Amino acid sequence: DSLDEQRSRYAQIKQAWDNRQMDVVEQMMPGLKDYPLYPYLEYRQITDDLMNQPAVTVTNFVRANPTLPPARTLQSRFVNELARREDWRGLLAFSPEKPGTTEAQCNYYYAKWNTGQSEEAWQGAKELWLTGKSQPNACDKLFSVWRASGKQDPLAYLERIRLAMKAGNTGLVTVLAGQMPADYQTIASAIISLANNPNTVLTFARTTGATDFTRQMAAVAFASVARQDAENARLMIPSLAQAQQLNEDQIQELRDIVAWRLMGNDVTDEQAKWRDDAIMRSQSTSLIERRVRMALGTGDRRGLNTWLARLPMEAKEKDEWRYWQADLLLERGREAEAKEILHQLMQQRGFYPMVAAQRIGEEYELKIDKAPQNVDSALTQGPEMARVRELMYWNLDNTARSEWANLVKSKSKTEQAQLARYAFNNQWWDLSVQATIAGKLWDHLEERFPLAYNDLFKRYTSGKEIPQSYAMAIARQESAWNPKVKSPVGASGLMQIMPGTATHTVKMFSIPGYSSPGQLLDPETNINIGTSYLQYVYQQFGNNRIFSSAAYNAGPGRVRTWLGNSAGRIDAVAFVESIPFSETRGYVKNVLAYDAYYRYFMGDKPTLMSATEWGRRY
């Protein structure tokens, strides 16, 4: 036998298994014991009949496979199965210690109650209870018996209502208030009315006794009101402060909430004056930073000087604010002071350090730390690495990511760098990036930005205007090179393409052969459709990477709106910094920095922006 022959038998047993040709599977299983992925076959077998599995079988499998990701998750999964059987005694015999998942934890504590360990059951219940998040259905029975015991502190009950409200979990706020303990029954209806409609906040505030609880509840609803109508909330502050006898800090929080909603282009002069007075009296760093961005996005020089100065000392340490301090100093004719800041920025890694270099006409120096010459360690020769090798061979990147996560975890920086280089050497691009992240190897640029799917990117950009380096930068930011990754919202593959976008792109470009979003997990298909849409927004916005990256992330419409706001009054850097969506702003910064890294590894000059992008009016 050989690894090569086992690979064929492995693919064949999975094929038979998928067809439920169990006679073939039973005959083939024994002959695959020496294949690295045999534990995955055993796991599938055990879970196939989990409802009839004795605990001893599960315990034995979990103990025999300590580094197998699914063996680790089987612990919590079986705890849930024992709960389903109502085998409380068995659950604790199988899992004497608190399990890993929340659902399993709910069942673990209910098992404790069922076996006479009430005090311990209550300690766990309270810990699972104190969250604004909706917990697993399994916890319902636990919270119920906990409350029925008389040991549930009513203050803890009211506290979860506060947490739920803050989390925006109004459905939970309502359910809790609907089952309100007698202690707080008098305000139950008011709370339900507040969660149902935040516009009842003034009524809520006036009809309930002002306490820390009602003040916090009202403050959350107030922010919901400000989001729907900033003026309505602005005008309500006096009455709310009087209704709840709010102190200075509490009144300022209300001012901050409204100020956040008056950052639009449509604000009146009265609203703008009120907003700026509120921000002047604020202690909120993020609010002041948003105001600075408003000055940057409108070309307001005096405003930039004023608001940058209002930032607390700590915020002024940030790369962006240091650059904008230098920008102000340059215009003031303080060359030496400004250029020393820019030179200090150039010594660091990132977007601004590269902007600093281009600003003063100096070539940016990439700091590249090399991994060790020898990457072969005990970690690269053990059984877990052998499983990683097989998983990657079958293109099971998500499954391999979990194995790799265990392998790089709790390792020295040296070992994590060797693992990154080992992955890099084997062209396991996503694993290479994953190891650099785990080890925080930020200056190991070669392993952080591998030339992944190079031939495909070249082929699919040769007929387009978007640079190959640019398409790769976008992919790097989107998927960290894992072709099988999907976001919570459904974005898929290397370029994180949404199903709707793929369909719309295929139609717009008359691309053949696309019939299912599942194909987005194929590297070539993903790169084909992704480079197509990227080229679309690129040409639509005049071959400008700031606009195309922002459009790829937030959509063409948002970019048009932002450009209508700045209206040709600002420069490239101010446009990037003033982007109002933090996700898109960070996305653009990362992509521009990554494109420079890719140009470098391709042998081109890594200048941050083209002369056209750098000099254009925004």
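Numbering starts at 1 and runs along the sequence shown.
Checked against the record, the higher mean CA B factor of 289-297 and 513-521 lies with 513-521. Per-stretch averaging of Cα B factors for 591-599 and 19-27 places 19-27 on top. As recorded in the PDB entry, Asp369 shows the highest C-alpha B-factor of the residues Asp369, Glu478, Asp430, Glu390. Set against one another, the Cα B-factors of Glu81, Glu403, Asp153, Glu446 in the record reach their highest point at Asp153. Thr561: CA B factor in the lowest third of modelled residues in this chain (values from the PDB entry). Annotation for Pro69: C-alpha temperature factor in the middle third relative to the rest of the modelled chain, per the entry. Remark: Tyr184 belongs to the highest third of its chain, ranked by C-alpha B-factor as recorded. Annotation for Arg545: C-alpha temperature factor in the lowest third relative to the rest of the modelled chain, per the entry. Split the chain's modelled residues into thirds by C-alpha temperature factor. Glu335 is in the middle one.
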